[PDB]
Structures are given as C-alpha cells and as structure tokens.
2 protein chains.
Amino acid sequence: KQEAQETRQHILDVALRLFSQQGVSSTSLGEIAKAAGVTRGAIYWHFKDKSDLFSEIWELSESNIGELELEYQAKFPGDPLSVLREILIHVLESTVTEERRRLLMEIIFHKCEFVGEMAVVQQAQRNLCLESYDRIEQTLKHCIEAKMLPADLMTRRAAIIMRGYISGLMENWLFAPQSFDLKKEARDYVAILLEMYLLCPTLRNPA
Amino acid sequence: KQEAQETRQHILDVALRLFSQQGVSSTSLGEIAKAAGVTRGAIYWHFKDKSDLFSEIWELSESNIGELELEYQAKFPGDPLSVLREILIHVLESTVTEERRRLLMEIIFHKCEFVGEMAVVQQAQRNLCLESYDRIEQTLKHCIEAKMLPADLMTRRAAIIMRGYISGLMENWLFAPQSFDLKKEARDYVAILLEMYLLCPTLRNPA
C-alpha cells in the first residue's frame, strides 16, 4: 500500500502529457483517468475537480524552486545578493533543462485559459504571487543590511520588476524557444537585473 | 453598401466580449454568428476559420501600437531615444486606458490556448515577434548614431529584454490588475529600461 502514491503521481504525469497536447480547457478528468488506466471514479477520489488537480500540479511540484535556497545559502553563508543571484539563474535555466517544469510552465503561460472555473486558481495564484512580492522584498531588505544593494532601493518595484523581468523572459522563451537561448544567456540576463538594482536610478527616491 | 464594414467589425466586437467571457477554445464561429445576429454561413464569409479570425483581431487592430511613432517623432524631431521612450509609455498605459486592447491583450496572454489550430497563429506571431526584435534593433542603432545610448550596447539583448520587460509587466498586470498600477508606475518603469540601456554593464562586451 502507498503504491497508490505510485498511482497518484501517475495521474499527474499523464495530465502534463495531455495538457501539453491539447490544453486544460479541452481536457476533462475523464481522458486523464482513461489515460491513467484508472477508473473515472478513481480519479475523482484523489482530486475534487480540474481546478485543484491543476492547482496540485502547481503545488505538488513543491516550490523547489524556493527550497534550494537555504542549501544554496549554505555555500554562500553571509552573502545575500549571491543567493538572490543563483536562485534566479536556477529558475530560468530549469525552464530549459527540467521537463517536469518545462511543460508545467508552458501550460501556466500558454496552454491554460484562466476562466472555466480556472478563474479560482487565478486567485489561488494572484495571492501566491503577492506573498512572492514580499518574500523578495525581505531578501532585498536583507541585501541592504549586508549592504550589497543601495540603501534607498524601491523594494516593491525591485520585486515587481524582478517578477516581471524573470517570468517575462520565461513567457517569451516558451512561446518561441527558438528565438533565443535561456540556458546560456541567463547568467547575464539575471546579472543585468541585479545590476539594475545596484546601478539604476529611478529605483530610489532618496531620504 | 460597405455597411458590411459596419457588420464586419460587429463580428470582431462581439468576439472580444465572448473570448473574455469564456476563452477562445470554448468558442466557435457559431456563437459569434448567433451573437452577431448574422447567420453561421455569413460569418464563415468574412473569415475562413477561428485562427485567421483571431489573427484578424490581432491584425485588424492595426499595429497602432507602431504607427503613432512617425507622428510622435514629429514632436521630437532628431531625438531617437525620446521616441523609443514615449512609444513604450504608450504601449503600457494603453493596456489600462483603451478597452479595445485591454481585453484583446488579456486574451493573448491569459484567455487563449495555443494548441487547437491556434498553434498556427503562434508561428504567425513567433515570426511577427522576430521582426519586432529588429524593428527595435534599428531604432537602437539609430539611438547610437544620435549617441543617446552606449556605442557597445548589445542590441539583440537590448531588444529581447525590452520585449521581455515590457510585455512581462503587461502579462503580470493582466493576471492581477489589483497588485500594481500601470497607468502611473509606467513612466518610471520604462525610464528604468532606458537607463538599463544607458547605465547597465553586461549589456556591452567592448570593442
């Protein structure tokens, strides 16, 4: 038993393959179960609906992303900026190398219409993103106390931009992965953003 | 006659209202015709399919955006950077003020699945975006000859970032228009990007 945990991820797996083939709107828990080899009744057992199953793919892919950090932070102990550095290098380059996030993120951006009850997973993310604005603000406030970024840095915008710069490059590369290379140009792109924090005026307003 | 041009845009009109209500995937030319008060045979008259009708809403909304320019350029004659300036100020703030682009852009980003024959309008945009990478590169090369930006500016990355920064903020504000204010914070946000062109190293590689 708990070979159901073998089966539980199996439904998540075959959802990605399908949500990439056709999108979320053109897919019911019907063809997922039919593809999972498990009954249409056994699928409505793990999950309530399509919303909190697709919320599951967003959730169960536990935010590693943000669970390396403390172990990235082990390598660079008292340097906060060098961790805000390599965490973003990771989020960009994992969209290239890691399949279980390659497709996952392509669906979030390009293969899911945020309407058909999918408007409620929009709020479950609208709110999750708002915590992110100030899971970053604090990392920046930390950076200002090790003094690696300016004292008068506009921290919310330094975060709204971060989000808008990082995922904007993600959205654009997922639409056309042929147009540019994210696995190579990332180190620079992210260093551009940290230099944007360091050198750019208009991200200040003194005293 | 040409009161068909009254009716032609009428089909485009009621498409926006519907594509915002439900998405593009859950909408046929059937309920657009039904809603246009025109026959389902008369809708398949102006338009071949859903692809080149949704390409039409993208196309017929002729790229003003980029047709102010030469008349924005009339105000600022020999200054290339002050035009690259106010054109982006317009693309951001019109996502707020103008409804016939408010909805249009929310669909492009959040309410359209790029799969079911919508994968072909993806290439029609993948290619349209690639011309945009170097409709900007030239505006930047121009800026380097009035000398308003650095001589060693990486022009492709100055354009890939531009696209990824400008539309990234668009994508993010359309998902949660409550999280920040684009009609006010834009002037600065865009000035940040132009200061990124001016001040930021790693966007260079000398000689």
Side-chain angles (χ1 to χ4, degrees), chain A residues 19-27 106-107 109-116 118-119 122-123 125-127 129-130 133 154 156-157 160-161 163-180 185 187-196 198-203 205, chain B residues 19-26 106-107 109-116 118-119 122-123 125-127 129-130 133 154 156-157 159-161 163-180 185 187-196 198-203 205:
Chain A
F19 288 149
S20 303
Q21 277 167 41
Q22 63 205 352
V24 184
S25 291
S26 67
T27 316
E106 195 181 7
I107 298 155
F109 285 107
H110 314 297
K111 302 204 204 84
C112 185
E113 290 172 333
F114 297 99
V115 266
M118 315 261 52
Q122 191 165 232
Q123 190 73 283
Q125 161 61 217
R126 277 158 165 249
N127 196 55
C129 172
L130 260 48
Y133 280 153
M154 297 190 197
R156 164 114 309 186
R157 307 218 291 197
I160 291 174
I161 287 309
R163 155 79 63 171
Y165 177 93
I166 290 301
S167 67
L169 285 168
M170 286 173 70
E171 202 269 3
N172 280 132
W173 186 82
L174 286 158
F175 201 86
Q178 238 80 63
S179 61
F180 59 93
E185 218 85 306
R187 276 218 61 96
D188 302 15
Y189 283 155
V190 169
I192 307 280
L193 219 205
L194 304 176
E195 287 171 8
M196 190 195 288
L198 190 67
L199 292 168
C200 288
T202 43
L203 273 175
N205 212 58
Chain B
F19 290 147
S20 304
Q21 279 165 34
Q22 61 203 351
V24 186
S25 290
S26 65
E106 192 178 3
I107 300 156
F109 286 108
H110 314 300
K111 302 206 205 86
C112 185
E113 288 174 334
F114 299 98
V115 266
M118 309 259 71
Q122 203 170 218
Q123 190 75 256
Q125 161 60 219
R126 280 156 167 249
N127 199 57
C129 174
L130 260 48
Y133 279 153
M154 295 190 201
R156 166 113 310 184
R157 308 219 292 199
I160 291 173
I161 288 310
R163 154 79 60 173
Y165 176 94
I166 289 301
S167 70
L169 286 165
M170 284 173 66
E171 199 268 10
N172 276 130
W173 185 82
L174 285 158
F175 195 87
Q178 236 77 58
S179 60
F180 56 94
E185 215 87 300
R187 274 219 60 95
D188 302 8
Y189 282 155
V190 168
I192 305 279
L193 219 204
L194 304 172
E195 285 172 11
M196 189 196 288
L198 192 68
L199 293 169
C200 283
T202 45
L203 273 175
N205 219 54

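First the proteins, then the strands, lettered A, B, ... as listed; each starts at 1.
Heavy-atom distances place no part of A:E106 under 4.5 Å from chain B, backbone and side chain included. When heavy atoms are compared at a cutoff of 4.5 Å, B:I192 approaches chain A by way of both its backbone and its side chain. Heavy atoms closer than 4.5 Å to chain A are found in both the backbone and the side chain of B:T202. Looking at B:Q21, only its backbone comes within 4.5 Å of chain A, counting heavy atoms on both sides. With a 4.5 angstrom heavy-atom cutoff, B:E171 touches chain A only via side-chain atoms.
In terms of heavy-atom proximity, A:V115 sits nearest to B:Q22 at CG2-O, 3.3 Å. In this structure, A:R126 and B:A176 approach most closely via the heavy-atom pair CG-CB, 3.7 Å.
Taken to the nearest 0.5 Å, the CZ atom of B:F175 stands 9.5 Å off from the CZ atom of A:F109. Note that CZ of A:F180 is 11.5 Å distant from CZ of B:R157, once rounded to the nearest 0.5 Å. To the nearest 0.5 Å, atom CG of residue A:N127 and atom OG of residue B:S179 are 11.5 Å apart. Here the CG atom belonging to B:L199 is positioned 11.0 Å from the CG atom belonging to A:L198, to the nearest 0.5 angstrom. Distance check, rounded to the nearest 0.5 Å: CD of A:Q178 to CD of B:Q123 gives 9.0 Å. Interatomic distance, A:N172 CG to B:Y133 OH, rounded to the nearest 0.5 Å: 5.0 Å.
Chain A forms more heavy-atom pairs under 4.5 Å with one residue of B:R156, B:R163, B:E185 than with any other, namely B:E185. Between chain B and the options A:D188, A:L203, A:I160, the largest number of non-hydrogen pairs under 4.5 Å is found for A:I160. For the set A:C129, A:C112, A:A119, A:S20, the entry with the most heavy-atom pairs within less than 4.5 Å of chain B is A:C112. The candidate from A:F114, A:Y165, A:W173 with the greatest count of non-hydrogen atom pairs under 4.5 Å with chain B is A:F114. Considering only heavy-atom pairs separated by less than 4.5 Å from chain B, the leading option among A:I161, A:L130, A:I107 is A:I161.
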